[PDB]
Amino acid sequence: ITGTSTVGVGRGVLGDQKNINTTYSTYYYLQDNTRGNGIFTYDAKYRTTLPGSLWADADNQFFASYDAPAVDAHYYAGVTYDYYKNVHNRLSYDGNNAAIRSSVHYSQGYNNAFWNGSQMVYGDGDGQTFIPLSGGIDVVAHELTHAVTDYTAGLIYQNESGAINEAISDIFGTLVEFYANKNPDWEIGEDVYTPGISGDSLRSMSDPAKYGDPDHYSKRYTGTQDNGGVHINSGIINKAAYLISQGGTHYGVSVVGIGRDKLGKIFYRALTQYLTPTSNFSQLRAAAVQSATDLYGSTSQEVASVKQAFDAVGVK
């Protein structure tokens, strides 16, 4: 909508207060004009017609419980935009500041979130498996990273290329969580998953096996459910990325950690310059090795650690 840029205030899903960029024209809208072509947040009103209505509020205060998922979808899309711009010189998901659109209150008791090819969509959860999923910054950034992948490598969402697609979203979802630096970790979705259970998450990058996901190529799922295991076999790549950053010894193979920033640079370069729609795990290893070589040199510690990490998870 055409209007003047304003700053509202509200509370997110977890009860934290934050300021949000809004737009005023009779109503205050969740329309952030400060980032690219805009960040826009919509109300799906418990239905599945998308995007729904651009979020309108009478007084620029967003403290109602119904407001909370919108506040966080809006705010964390902003954080994610800032991450890609400041850390990777990427302007929104298409690199040309495409508008970022999100819808909240999708369906009823919907225990998921997704990128639908055009926008982000967040369920409210059923209150037992999930609370509203935009409450997790790693979730928001995971979903927006699917948009980045779709505009860059274009990894096909099945089998090994799909597992890489998923892992890329977990990796950068996690790196955005560290960037915002509010109790960050190497777990996925812990802030919105099972409110009645402390200390768990949907997936773990540090130990995928904790939730039954493979941490080695020899343990890969080869069946047909979950598009050939895209959320399952992602654990193999998530573990490799974790090892590259943090180091460790895994099935007897020791990896020297090189830290999160370099992990991010190596994988962002692989994603945008080397991976293709059909890339498999072996081809990811090659892309990561060549990316690290480009950035740090063929005899660098960084290249050695990438190789160690993929060795550790049995890839090549």
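Just count from 1 along the sequence shown to find any residue number.
The mean Cα B-factor in the deposited entry runs higher for 199-207 than for the other of 163-171 and 199-207. The question of which stretch, 208-216 or 235-243, has the higher mean Cα B factor is settled in favour of 208-216.
The entry assigns its greatest Cα B factor, within the set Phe114, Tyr84, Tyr221, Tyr75, to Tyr221. The PDB entry assigns the greatest CA B-factor among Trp186, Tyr193, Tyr157, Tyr106 to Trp186. Among the modelled residues of the chain, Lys45 sits in the lowest third by CA temperature factor in this PDB entry.
In the deposited entry, the Cα temperature factor of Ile137 places it in the lowest third of its chain's modelled residues. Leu91 sits in the highest third of its chain by CA B factor, as recorded in the PDB entry. When the CA B factors of the chain's modelled residues are split into thirds, the value for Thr278 lands in the highest one. The PDB entry assigns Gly12 a C-alpha temperature factor belonging to the lowest third of its chain's modelled residues.
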